[PDB]
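Below: the structure, in structure tokens.
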Amino acid sequence: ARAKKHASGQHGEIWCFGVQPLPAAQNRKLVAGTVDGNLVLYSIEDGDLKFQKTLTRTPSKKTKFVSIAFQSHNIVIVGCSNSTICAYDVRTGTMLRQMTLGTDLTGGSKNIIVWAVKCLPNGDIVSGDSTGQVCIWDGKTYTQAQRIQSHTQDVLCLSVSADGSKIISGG
Amino acid sequence: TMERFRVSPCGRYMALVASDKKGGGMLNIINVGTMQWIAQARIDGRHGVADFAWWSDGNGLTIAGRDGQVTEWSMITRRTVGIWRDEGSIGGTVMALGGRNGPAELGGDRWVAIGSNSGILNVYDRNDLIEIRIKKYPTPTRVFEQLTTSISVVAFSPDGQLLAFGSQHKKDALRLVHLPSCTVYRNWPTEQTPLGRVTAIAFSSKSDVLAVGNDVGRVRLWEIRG
Amino acid sequence: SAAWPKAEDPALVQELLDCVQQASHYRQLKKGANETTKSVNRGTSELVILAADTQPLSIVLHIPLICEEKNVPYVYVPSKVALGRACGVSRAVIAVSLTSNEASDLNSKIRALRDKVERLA
Amino acid sequence: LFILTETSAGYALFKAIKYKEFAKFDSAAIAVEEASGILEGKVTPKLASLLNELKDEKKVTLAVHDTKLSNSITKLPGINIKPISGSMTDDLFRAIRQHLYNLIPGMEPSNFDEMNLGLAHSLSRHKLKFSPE
Amino acid sequence: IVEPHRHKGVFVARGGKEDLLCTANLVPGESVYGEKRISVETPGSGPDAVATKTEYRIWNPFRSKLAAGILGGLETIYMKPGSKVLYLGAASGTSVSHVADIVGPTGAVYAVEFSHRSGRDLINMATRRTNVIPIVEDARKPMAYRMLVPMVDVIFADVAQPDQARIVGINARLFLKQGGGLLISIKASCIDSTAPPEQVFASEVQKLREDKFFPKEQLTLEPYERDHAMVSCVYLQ
Amino acid sequence: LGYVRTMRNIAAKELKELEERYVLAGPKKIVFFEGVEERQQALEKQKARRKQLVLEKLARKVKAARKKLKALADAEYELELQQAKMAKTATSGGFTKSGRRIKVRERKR
Amino acid sequence: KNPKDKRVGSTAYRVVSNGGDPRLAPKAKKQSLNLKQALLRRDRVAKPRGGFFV
RNA sequence: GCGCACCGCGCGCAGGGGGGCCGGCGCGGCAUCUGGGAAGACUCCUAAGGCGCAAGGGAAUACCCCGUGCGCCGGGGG
């Protein structure tokens with residue numbers, strides 16, 4: 001009933017993390033997004049917790065990561081500070097596609113902040129943001145199909161039914 | 001602003017461009033049935049949408065966004081069909097679209113022209129564009145480089161036969177491309193044929209007359225007899 | 001493959017192209033494989049950009065050895081003909097490499113650019 | 001308490017604080033064949049001649065650190081004694097290679113650094129013709 | 001004039017305007033890579049005046065982290081003529097020639113390298129210098145050369161990799177003596193080009209500290225390299 | 001231009017040589033402690049001209065080499081910009097004496 | 001807290017320290033947390049806290 | 001803790017440690033905002049004319065002016 005373990009790869013501050021879902025059977029890994037950008041990949045096999053490696057880091061230094069969720073086995077989604085939603089493939093570590101959001105035309109501070117992303121069980125991606133919208137990204141080509149206005153202030157969390165039929169937005 | 005817009009050839013919809021660049025530009029779809037907002041296609045970019053055109057049926061519309069992304073975004077599904085790339089042009093400025101018996105599920109238009117900032121203007125074929133799965137790198141039908149500055153008018157003989165494409169920044173940048181053979185003409189326009197600094201072109205609906213106009217604000221006209 | 005400092009990140013690539021374009025207007029940029037290698041051997045260079053999709057990649061594989069020796073960063077774009085008409089010459093440059101001077105905002109942009117490349121490493 | 005050791009030359013067993021047995025070998029190209037054989041974990045005649053006791057598995061153990069060679073010599077049915085992997089046998093293997101000075105006159109009162117460097121040269125030559133020139 | 005340095009095996013050539021580091025050439029009459037060399041004899045050959053016996057290869061700060069740290073003021077190298085040092089990242093086999101000259105024949109240096117061209121000239125140098133053995137392998141798999149490498153005393157490590165701490169840790173655990181010596185280079189750009197280099201240096205210090213060494217000293221190599229730290233640490237003592 | 005480049009290369013090599021010589025002539029060090037007691041013990045243990053002339057000479061030499069180098073660099077850049085104002089079609093770079101930047105938005109077809 | 005370093009001016013003498021995070025939990029970066037709260041209330045302002053009080 | 005007052009606080013000085021973390025300096029970030037460079041080719045790019053290269057003459061002589069030869073752009077016109 002206390003801290004089993006700690007682990008630390010050298011970077012800025014870890015802000016969002018999740019484990020790879022199943023499709024191997026015993027090779028499952030943590031994926032953690034942090035302040036400065038670098039997706040770090042952590043290894044947990046047989047009661048271990050150790051920094052495996054760095055997948056990549058974002059190009060710029062102001063790209064802050066806030067939200068993380070897994071579309072599939074190999075396909076990670078991060079939502080990030082400069083109004084962007086990056087779809088990375090983890091295995092190679094490459095950048096499958098950069099989704100992008102526009103300016104928050106209510107208040108100032110141009111760069112919108114994706115606050116929370118999840119993926120629906122049939123693969124589309126849903127993303128609560130800083131203008132309180134909720135985007136429906138078609139997930140095959142990783143772009144938008146709907147922009148729903150939900151709250152007044154910004155979304156803070158999403159949740160989904162497991163069959164993919166009830167989406168809950170928390171603002 | 002409501003500066004740029006294009007109307008469906010079916011004449012029911014209109015597409016306005018949102019002046020808000022920020023990582024990706026969007027264009028709203030407005031019914032001219034009732035001038036109402038009914039759709040908002042969003043494409044990624046680095047500055048927003050250069051140009052776009054209505055497919056000839058009307059069902060979808062092709063969005064050429066700067067840094068050469070081409071979204072093809074349906075209407076009946078009202079979600080993006082496919083994404084592909086102009087063959088490595090730094091900044092797309094103009095596109096347009098025409099032709100006949102192109103693939104019907106992309107609306108049935110045939111040739112699609114894309115004009116860079118750098119001046120090079122490519123011409124692609126959409127029955128070649130299909131790999132629904134799209135070819136992410138169409139090797140272009142041709143990569144025309146007679147012109148040397150940033151392309152401003154790219155327009156089509158609405159019988160899908162002639163291509164006019166012309167740069168404004170230098171005097172007399174108007175070149176004329178025959179299709180589907182994709183060979184640029186020689187005998188026109190000559191050194192002494194009075195174009196100017198071409199700013200807008202338009203063929204007739206019958207495609208017998210061509211009209212061209214320049215920074216002095218004057219119109220010239222040419223019969224097109226083959 | 002061998003192009004291990006690959007740069008596919010889109011805004012990164014666009015910043016690289018635009019910086020090359022600005023540098024092409026400032027004459028501080030050398031166009032072509034052979035000239036790139038001359039510039040690095042003479043040491044004047046400060047960054048070098050290549051193209052991944054050449055068909056025999058080996059004609060540019062000799063550059064990373066020299067630049068590892070003489071210590072200048074190098075990085076691959078994915079599209080040669082994009083690089084070429086980024087220079088503005090209409091023929092697909094496969095290798096461009098751009099150098100330093102004393103006082104230029106372009107020199108500053110270069111320094112931030114190589115910082116981005118060292119991030120990508 | 002059957003241990004599996006392997007130097008550049010041969011093997012030894014220390015099942016009874018002090019050493020129990022050994023086997024030596026010198027100066028062949030079957031040395032680098034053995035090197036590939038322990039690279040993968042395959043059958044080795046040296047290995048078979050060591051594991052060929054005649055009674056039974058009297059205790060079902062053969063401590064060898066590497067899991068790949070462990071679960072390969074599981075797959076050999078020549079003696080059907082079962083190995084155990086490196087269950088953090090680091091004090092074990094590190095200590096035996098450090099205290100290997102006591103082992104030298106026990107089986108090979110000599111130096112085999114010359115054959116070890118011959119091995120390294122041969123296999124590195126195999127590696128740089130694996131990446132030929 | 002040549003004098004042995006405070007560190008044994010090492011020598012300094014002093015003149016009116018220069019002070020150079022040099023080692024006794026194991027193979028006299030031969031230059032590995034275009035290094036300078038001076039011949040000095042011991043006195044007692046006055047009527048002849050030919051410097052015959054000792055050949056000293058002039059070592060370079062601008063090619064080698066190890067005595068770069070020494071000239072920065074490294075107090076202890078942990079090694080001597082007669083030692084056993086494993087080299088990590090035998091870049092072009094030059095510093096490894098130097099440390100083989102230090103350890104002499106009685107000392108035995110084991111060099112690993114993963115890149116193949118560096119490996120080519122590695123084995124080509126090793127054809128001359130006998131007290132080194134080359135292994136062309138990715139040291140992230142030490143269990144390939146565990147058969148080849150005996151127990152050692154000192155680990156030198158310069159490998160441009162992100163998991164530098166992890167590699168040196170598993171390799172120490174597989175080969176380092178109790179109370180072993182470690183001389184290790186950290187290149188902050190290679191590890192993380194973002195945080196302050198002092199901070200990330202201290203980070204790797206903590207990593208080896210939990211990796212059961214004892215960080216003795218750490219110097220910056222910046223009359224010589226840029227963003228480079230040499231760390232001397234002991235293991236289990 | 002070719003002449004200027006050769007002399008530039010030679011002087012660059014010379015600055016390399018002189019820099020090496022200057023450095024070899026001439027928060028840096030961290031010593032770690034288990035506890036402040038051993039820190040104090042080490043504190044107790046620590047409690048227990050020709051170079052100047054040759055270095056000043058060396059410094060003046062290397063500074064002069066840097067000056068000649070940079071002059072050669074400027075020469076290289078200057079002739080590159082004369083080249084830009086003497087290419088066979090309109091080409092970018094270099095200032096006019098009126099102060100403007102020449103900036104042709106063309107492409108050399 | 002930790003003892004500060006004693007520099008001779010040329011070098012530095014400090015004491016190693018990891019006796020802070022024994023088995024409980026790591027202490028947060030106050031900077032990072034305030035950054036998060038900034039990103040939450042980017043520009044916007046607080047209302048009066050409670051009521052009639054000095 | 002030393003010398004000064006053995007009818008006294010105190011002062012001159014060595015420094016051990018920790019503290020207000022009061023105030024400055026340094027380094028980092030920083031969703032906004034000011035400022036400045038570069039900047040989109042529809043945007044300005046000096047105007048119906050520029051600009052360069054080399055010569056020639058004249059000068060507050062570090063600086064510049066001026067219409068002989070080659071190029072390179074532009075407008076107008078067509």
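We name chains A, B, ... following the order of the structure tokens; residues begin at 1 in each chain, and ligands are numbered from 1 as shown.
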| query | If we count only C-alpha atoms (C1' of nucleotides), which residues of chain E reach to within 12 Å of chain H? Please list them as a PyMOL selection string. | reply | chain E and resi 194-196+198-199
| request: Name all residues at most 10 Å from residue 79 of chain D (count only C-alpha atoms (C1' of nucleotides); drop same-chain ones fewer than 6 positions away) and give them as a PyMOL selection string. | output: chain D and resi 48+51-57+73
Residues from last step as file, N, CA and C atoms, as a PDB file, in the first residue's frame:
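Okay, part-v5.pdb is ready:
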```pdb
ATOM      1  N   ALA D  48      27.032 -31.796 -26.070  1.00  0.00           N
ATOM      2  CA  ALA D  48      26.466 -33.129 -25.913  1.00  0.00           C
ATOM      3  C   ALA D  48      27.373 -34.020 -25.077  1.00  0.00           C
ATOM      4  N   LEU D  51      26.816 -32.986 -21.440  1.00  0.00           N
ATOM      5  CA  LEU D  51      25.542 -33.378 -20.839  1.00  0.00           C
ATOM      6  C   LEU D  51      25.289 -34.876 -20.874  1.00  0.00           C
ATOM      7  N   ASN D  52      26.172 -35.660 -21.474  1.00  0.00           N
ATOM      8  CA  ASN D  52      25.954 -37.098 -21.537  1.00  0.00           C
ATOM      9  C   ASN D  52      26.429 -37.727 -20.231  1.00  0.00           C
ATOM     10  N   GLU D  53      25.660 -37.531 -19.162  1.00  0.00           N
ATOM     11  CA  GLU D  53      25.744 -38.428 -18.022  1.00  0.00           C
ATOM     12  C   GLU D  53      24.857 -39.625 -18.319  1.00  0.00           C
ATOM     13  N   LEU D  54      25.008 -40.672 -17.517  1.00  0.00           N
ATOM     14  CA  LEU D  54      24.402 -41.945 -17.869  1.00  0.00           C
ATOM     15  C   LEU D  54      23.277 -42.376 -16.941  1.00  0.00           C
ATOM     16  N   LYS D  55      23.153 -41.776 -15.757  1.00  0.00           N
ATOM     17  CA  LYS D  55      22.172 -42.261 -14.786  1.00  0.00           C
ATOM     18  C   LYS D  55      20.747 -41.835 -15.149  1.00  0.00           C
ATOM     19  N   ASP D  56      20.473 -40.536 -15.064  1.00  0.00           N
ATOM     20  CA  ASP D  56      19.163 -39.919 -15.198  1.00  0.00           C
ATOM     21  C   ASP D  56      19.337 -38.416 -15.055  1.00  0.00           C
ATOM     22  N   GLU D  57      18.247 -37.666 -15.127  1.00  0.00           N
ATOM     23  CA  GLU D  57      18.242 -36.373 -14.466  1.00  0.00           C
ATOM     24  C   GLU D  57      18.104 -36.590 -12.960  1.00  0.00           C
ATOM     25  N   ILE D  73      18.301 -25.866 -25.217  1.00  0.00           N
ATOM     26  CA  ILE D  73      18.727 -27.126 -24.634  1.00  0.00           C
ATOM     27  C   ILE D  73      17.617 -27.777 -23.823  1.00  0.00           C
TER      28      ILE D  73
END
```
| query | Near segment 93-104 of chain D, counting only C-alpha atoms (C1' of nucleotides), which residues have an atom at most 7 Å away, once you skip same-chain residues fewer than 5 positions from it, shown as a ChimeraX atom specification? | reply | /D:109-110 /E:150-151,174-175
Keeping only N, CA and C atoms, write the selected residues as a PDB file, in the first residue's frame.
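The new file selection.pdb reads:
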```
ATOM      1  N   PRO D 109      46.158 -25.248 -17.125  1.00  0.00           N
ATOM      2  CA  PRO D 109      47.190 -24.409 -16.501  1.00  0.00           C
ATOM      3  C   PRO D 109      48.049 -23.705 -17.535  1.00  0.00           C
ATOM      4  N   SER D 110      47.474 -22.694 -18.168  1.00  0.00           N
ATOM      5  CA  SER D 110      48.075 -22.001 -19.300  1.00  0.00           C
ATOM      6  C   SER D 110      47.301 -20.708 -19.506  1.00  0.00           C
TER       7      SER D 110
ATOM      8  N   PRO E 150      36.601 -11.479 -20.799  1.00  0.00           N
ATOM      9  CA  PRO E 150      36.716 -11.891 -19.399  1.00  0.00           C
ATOM     10  C   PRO E 150      36.349 -10.758 -18.461  1.00  0.00           C
ATOM     11  N   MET E 151      36.547 -10.965 -17.165  1.00  0.00           N
ATOM     12  CA  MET E 151      36.367  -9.882 -16.212  1.00  0.00           C
ATOM     13  C   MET E 151      37.450  -8.833 -16.395  1.00  0.00           C
ATOM     14  N   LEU E 174      27.719  -7.268 -16.452  1.00  0.00           N
ATOM     15  CA  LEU E 174      28.216  -8.488 -17.041  1.00  0.00           C
ATOM     16  C   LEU E 174      29.722  -8.629 -16.942  1.00  0.00           C
ATOM     17  N   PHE E 175      30.469  -7.538 -16.766  1.00  0.00           N
ATOM     18  CA  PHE E 175      31.921  -7.668 -16.849  1.00  0.00           C
ATOM     19  C   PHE E 175      32.728  -6.910 -15.814  1.00  0.00           C
TER      20      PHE E 175
END
```
| message | Could you tell me which residues of chain H sit within 10 Å of chain B when counting only C-alpha atoms (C1' of nucleotides), and give me the result as a ChimeraX atom specification? | response | /H:40-42,74,77-78
| Got a sec: who's within 10 Å of segment 111-116 of chain A, counting only C-alpha atoms (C1' of nucleotides), leaving out chain neighbours fewer than 2 positions off, as a PyMOL selection string? | (chain A and resi 16+64-69+78-85+100-105+108-109+118+126-134+154-159+169-170) or (chain B and resi 22-23) or (chain G and resi 39-40) or (chain H and resi 31)
Write the residues you've just listed into a file as a PDB file, in the first residue's frame, and include C-alpha atoms (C1' of nucleotides) for each of them.
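Full text of part_6.pdb as output:
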```
ATOM      1  CA  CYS A  16      -0.629  12.356 -20.089  1.00  0.00           C
ATOM      2  CA  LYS A  64       2.913  20.982 -25.350  1.00  0.00           C
ATOM      3  CA  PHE A  65       1.129  17.637 -24.994  1.00  0.00           C
ATOM      4  CA  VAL A  66      -2.051  17.367 -22.963  1.00  0.00           C
ATOM      5  CA  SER A  67      -4.151  14.460 -24.032  1.00  0.00           C
ATOM      6  CA  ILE A  68      -3.477  10.908 -25.095  1.00  0.00           C
ATOM      7  CA  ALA A  69      -5.612   7.994 -26.257  1.00  0.00           C
ATOM      8  CA  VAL A  78      -2.147  12.967 -28.867  1.00  0.00           C
ATOM      9  CA  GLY A  79      -3.847  16.290 -28.529  1.00  0.00           C
ATOM     10  CA  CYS A  80      -1.496  19.148 -28.184  1.00  0.00           C
ATOM     11  CA  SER A  81      -1.066  22.789 -27.327  1.00  0.00           C
ATOM     12  CA  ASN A  82      -0.814  24.464 -30.692  1.00  0.00           C
ATOM     13  CA  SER A  83      -4.369  23.495 -31.638  1.00  0.00           C
ATOM     14  CA  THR A  84      -3.264  20.234 -33.068  1.00  0.00           C
ATOM     15  CA  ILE A  85      -4.078  16.574 -32.903  1.00  0.00           C
ATOM     16  CA  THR A 100      -5.476  20.729 -36.840  1.00  0.00           C
ATOM     17  CA  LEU A 101      -7.930  23.087 -35.164  1.00  0.00           C
ATOM     18  CA  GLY A 102      -8.577  26.763 -35.732  1.00  0.00           C
ATOM     19  CA  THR A 103      -8.605  29.906 -33.706  1.00  0.00           C
ATOM     20  CA  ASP A 104     -10.738  30.296 -30.596  1.00  0.00           C
ATOM     21  CA  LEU A 105     -12.756  33.203 -31.808  1.00  0.00           C
ATOM     22  CA  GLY A 108      -8.123  35.881 -27.309  1.00  0.00           C
ATOM     23  CA  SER A 109      -5.135  33.558 -27.075  1.00  0.00           C
ATOM     24  CA  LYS A 118     -10.596   9.424 -26.930  1.00  0.00           C
ATOM     25  CA  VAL A 126     -13.579  12.546 -30.513  1.00  0.00           C
ATOM     26  CA  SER A 127     -11.797  15.507 -29.017  1.00  0.00           C
ATOM     27  CA  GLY A 128     -12.900  18.072 -26.476  1.00  0.00           C
ATOM     28  CA  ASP A 129     -11.149  21.370 -26.779  1.00  0.00           C
ATOM     29  CA  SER A 130     -10.803  24.874 -25.435  1.00  0.00           C
ATOM     30  CA  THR A 131     -13.673  26.509 -27.164  1.00  0.00           C
ATOM     31  CA  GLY A 132     -15.791  23.796 -25.737  1.00  0.00           C
ATOM     32  CA  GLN A 133     -16.425  22.237 -29.057  1.00  0.00           C
ATOM     33  CA  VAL A 134     -16.385  18.560 -29.643  1.00  0.00           C
ATOM     34  CA  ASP A 154     -13.601  24.498 -22.221  1.00  0.00           C
ATOM     35  CA  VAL A 155     -14.092  20.770 -22.192  1.00  0.00           C
ATOM     36  CA  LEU A 156     -12.228  18.991 -19.462  1.00  0.00           C
ATOM     37  CA  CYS A 157     -12.890  15.321 -19.963  1.00  0.00           C
ATOM     38  CA  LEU A 158     -14.480  12.808 -22.266  1.00  0.00           C
ATOM     39  CA  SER A 159     -15.804   9.348 -21.671  1.00  0.00           C
ATOM     40  CA  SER A 169     -18.527  15.548 -22.175  1.00  0.00           C
ATOM     41  CA  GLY A 170     -17.402  17.349 -19.098  1.00  0.00           C
TER      42      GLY A 170
ATOM     43  CA  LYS B  22      -4.373  28.879 -38.082  1.00  0.00           C
ATOM     44  CA  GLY B  23      -3.043  25.530 -39.090  1.00  0.00           C
TER      45      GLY B  23
ATOM     46  CA  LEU G  39      -3.313  26.968 -19.441  1.00  0.00           C
ATOM     47  CA  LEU G  40      -6.629  26.476 -17.742  1.00  0.00           C
TER      48      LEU G  40
ATOM     49  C1'   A H  31      -1.847  30.869 -22.675  1.00  0.00           C
TER      50        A H  31
END
```
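Within 7 Å of chain C, counting only C-alpha atoms, chain A contributes residues 57, 59, 60 and 95 of chain A.
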Would you kindly return, as a compact mmCIF listing (two decimals) with N, CA, C and O atoms, in the first residue's frame, each protein, DNA or RNA residue with an atom no farther than 9 Å from any atom of residue 15 of chain F, considering only C-alpha atoms (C1' of nucleotides) and excluding same-chain residues fewer than 3 positions away?
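out16.txt, freshly written:
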```txt
# COMPACT_ATOMS: atom_id res chain seq x y z
N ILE F 10 43.37 28.12 -47.38
CA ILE F 10 44.65 28.03 -46.70
C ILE F 10 44.58 28.74 -45.36
O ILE F 10 44.99 28.20 -44.33
N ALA F 11 44.02 29.94 -45.35
CA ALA F 11 43.95 30.67 -44.11
C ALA F 11 43.01 30.00 -43.12
O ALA F 11 43.23 30.09 -41.91
N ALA F 12 41.99 29.33 -43.62
CA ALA F 12 41.10 28.60 -42.73
C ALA F 12 41.85 27.49 -42.04
O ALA F 12 41.72 27.30 -40.83
N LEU F 18 46.27 27.37 -35.57
CA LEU F 18 46.57 28.33 -34.53
C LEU F 18 45.60 28.23 -33.37
O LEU F 18 46.00 28.41 -32.23
N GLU F 19 44.34 27.92 -33.65
CA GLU F 19 43.38 27.73 -32.58
C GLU F 19 43.77 26.55 -31.72
O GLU F 19 43.75 26.65 -30.49
N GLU F 20 44.13 25.44 -32.36
CA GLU F 20 44.59 24.28 -31.62
C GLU F 20 45.78 24.64 -30.73
O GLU F 20 45.79 24.30 -29.54
N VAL F 62 46.71 34.78 -33.23
CA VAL F 62 45.48 34.11 -33.62
C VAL F 62 44.38 35.13 -33.89
O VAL F 62 43.53 34.92 -34.76
N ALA F 65 44.98 36.27 -37.34
CA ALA F 65 44.56 35.26 -38.29
C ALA F 65 43.05 35.28 -38.47
O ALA F 65 42.56 35.14 -39.59
N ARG F 66 42.32 35.49 -37.38
CA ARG F 66 40.87 35.59 -37.48
C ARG F 66 40.46 36.78 -38.32
O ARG F 66 39.52 36.68 -39.12
N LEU F 69 41.10 36.02 -41.93
CA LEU F 69 40.09 35.06 -42.31
C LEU F 69 38.79 35.74 -42.66
O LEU F 69 38.27 35.55 -43.77
```
| query | Could you write out as a PyMOL selection string the residues of chain F within 7 Å of chain H, counting only C-alpha atoms (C1' of nucleotides)? | reply | chain F and resi 85+89-90
| said: If we count only C-alpha atoms (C1' of nucleotides) and set the cut-off at 9 Å, which residues sit around segment 121-128 of chain B, ignoring sequence neighbours fewer than 6 positions away in its own chain? Please answer as a PyMOL selection string. | reply: chain B and resi 86-87+101-103+106+108-115+135+138-147+151+165+182
Please produce, as CSV, a per-residue contact table for chain C versus chain F (criterion: any atom at most 9 Å away, only C-alpha atoms considered), showing the nearest atom pair and its distance in Å to one decimal, sorted by chain then residue number.
```
residue,atom,partner,partner_atom,distance
C:24,CA,F:92,CA,7.8
C:25,CA,F:92,CA,5.3
C:26,CA,F:93,CA,5.2
C:27,CA,F:93,CA,5.9
C:28,CA,F:77,CA,8.3
C:42,CA,F:9,CA,6.5
C:43,CA,F:12,CA,8.7
C:85,CA,F:107,CA,8.3
C:87,CA,F:107,CA,8.5
C:88,CA,F:107,CA,4.9
C:89,CA,F:108,CA,5.1
C:90,CA,F:109,CA,6.8
C:101,CA,F:73,CA,8.1
C:102,CA,F:70,CA,8.8
```
With N, CA, C and O atoms retained, write the just-selected residues as a CSV table (one decimal), in the first residue's frame.
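Saved as part_10.csv:
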```
chain,number,residue,atom,x,y,z
C,24,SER,N,18.0,31.1,-50.6
C,24,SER,CA,18.2,31.2,-52.1
C,24,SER,C,18.2,32.6,-52.5
C,24,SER,O,18.9,33.0,-53.4
C,25,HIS,N,17.3,33.4,-51.9
C,25,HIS,CA,17.3,34.8,-52.3
C,25,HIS,C,18.4,35.5,-51.6
C,25,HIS,O,18.7,36.7,-51.9
C,26,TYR,N,19.1,34.9,-50.6
C,26,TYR,CA,20.2,35.6,-50.1
C,26,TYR,C,21.6,35.0,-50.6
C,26,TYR,O,22.6,35.3,-49.9
C,27,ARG,N,21.6,34.1,-51.6
C,27,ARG,CA,22.8,33.7,-52.2
C,27,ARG,C,23.7,32.9,-51.3
C,27,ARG,O,24.9,32.8,-51.6
C,28,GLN,N,23.2,32.4,-50.2
C,28,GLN,CA,24.0,31.8,-49.2
C,28,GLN,C,23.8,30.3,-49.1
C,28,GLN,O,24.0,29.6,-48.1
C,42,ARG,N,35.2,22.6,-47.6
C,42,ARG,CA,35.8,23.9,-47.3
C,42,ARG,C,35.2,24.4,-46.0
C,42,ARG,O,35.5,25.5,-45.6
C,43,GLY,N,34.3,23.7,-45.4
C,43,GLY,CA,33.9,24.0,-44.0
C,43,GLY,C,32.9,25.2,-43.9
C,43,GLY,O,32.4,25.3,-42.8
C,85,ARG,N,12.4,22.7,-56.9
C,85,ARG,CA,11.7,24.0,-57.1
C,85,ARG,C,11.5,24.8,-55.9
C,85,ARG,O,10.9,25.9,-56.0
C,87,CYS,N,14.4,25.6,-54.3
C,87,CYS,CA,15.5,26.5,-54.7
C,87,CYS,C,15.0,27.5,-55.8
C,87,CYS,O,15.3,28.7,-55.7
C,88,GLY,N,14.3,26.9,-56.8
C,88,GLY,CA,13.8,27.8,-57.8
C,88,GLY,C,14.5,27.7,-59.1
C,88,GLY,O,14.8,28.7,-59.7
C,89,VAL,N,14.8,26.5,-59.5
C,89,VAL,CA,15.7,26.2,-60.6
C,89,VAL,C,15.0,25.3,-61.6
C,89,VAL,O,15.5,25.0,-62.7
C,90,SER,N,13.9,24.7,-61.2
C,90,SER,CA,13.0,23.8,-62.0
C,90,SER,C,13.5,22.4,-62.3
C,90,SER,O,12.9,21.7,-63.0
C,101,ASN,N,27.2,33.3,-42.5
C,101,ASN,CA,27.9,34.6,-42.6
C,101,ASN,C,27.9,35.3,-41.3
C,101,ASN,O,27.6,34.6,-40.2
C,102,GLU,N,28.2,36.6,-41.2
C,102,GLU,CA,28.4,37.2,-39.9
C,102,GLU,C,27.1,37.6,-39.3
C,102,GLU,O,26.6,37.0,-38.4
```
Residues of chain F at most 9 Å from chain E: nearest atom pair and distance in Å, only C-alpha atoms, as a Markdown table:
```
| residue | atom | partner | partner_atom | distance |
| --- | --- | --- | --- | --- |
| F:20 | CA | E:62 | CA | 7.9 |
| F:21 | CA | E:18 | CA | 8.3 |
| F:23 | CA | E:223 | CA | 6.7 |
| F:24 | CA | E:19 | CA | 7.5 |
| F:25 | CA | E:18 | CA | 6.3 |
| F:26 | CA | E:223 | CA | 8.2 |
| F:27 | CA | E:220 | CA | 8.8 |
| F:28 | CA | E:220 | CA | 5.7 |
| F:29 | CA | E:219 | CA | 4.6 |
| F:30 | CA | E:218 | CA | 5.1 |
| F:31 | CA | E:217 | CA | 4.6 |
| F:32 | CA | E:216 | CA | 5.7 |
| F:33 | CA | E:216 | CA | 7.8 |
| F:50 | CA | E:16 | CA | 8.5 |
| F:51 | CA | E:17 | CA | 7.6 |
| F:54 | CA | E:17 | CA | 6.6 |
| F:55 | CA | E:17 | CA | 8.7 |
```
Please dump the current selection as a PDB file, in the first residue's frame; keep C-alpha atoms.
```pdb
ATOM      1  CA  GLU F  20      44.595  24.276 -31.620  1.00  0.00           C
ATOM      2  CA  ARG F  21      47.919  25.709 -30.515  1.00  0.00           C
ATOM      3  CA  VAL F  23      44.056  26.125 -26.674  1.00  0.00           C
ATOM      4  CA  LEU F  24      46.772  23.615 -25.882  1.00  0.00           C
ATOM      5  CA  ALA F  25      48.901  26.418 -24.502  1.00  0.00           C
ATOM      6  CA  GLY F  26      45.804  27.579 -22.653  1.00  0.00           C
ATOM      7  CA  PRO F  27      31.506  25.938 -12.811  1.00  0.00           C
ATOM      8  CA  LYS F  28      33.956  23.548 -14.474  1.00  0.00           C
ATOM      9  CA  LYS F  29      34.835  20.678 -12.114  1.00  0.00           C
ATOM     10  CA  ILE F  30      32.437  18.769  -9.857  1.00  0.00           C
ATOM     11  CA  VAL F  31      33.735  16.640  -6.994  1.00  0.00           C
ATOM     12  CA  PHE F  32      31.105  14.567  -5.243  1.00  0.00           C
ATOM     13  CA  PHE F  33      30.731  13.615  -1.616  1.00  0.00           C
ATOM     14  CA  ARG F  50      57.389  33.163 -19.815  1.00  0.00           C
ATOM     15  CA  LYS F  51      53.959  31.610 -20.164  1.00  0.00           C
ATOM     16  CA  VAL F  54      54.222  33.452 -25.089  1.00  0.00           C
ATOM     17  CA  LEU F  55      50.461  33.420 -24.584  1.00  0.00           C
TER      18      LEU F  55
END
```
| Which chain B residues are at most 7 Å from chain C (counting only C-alpha atoms), as a VMD selection string? | chain B and resid 88 to 90 118
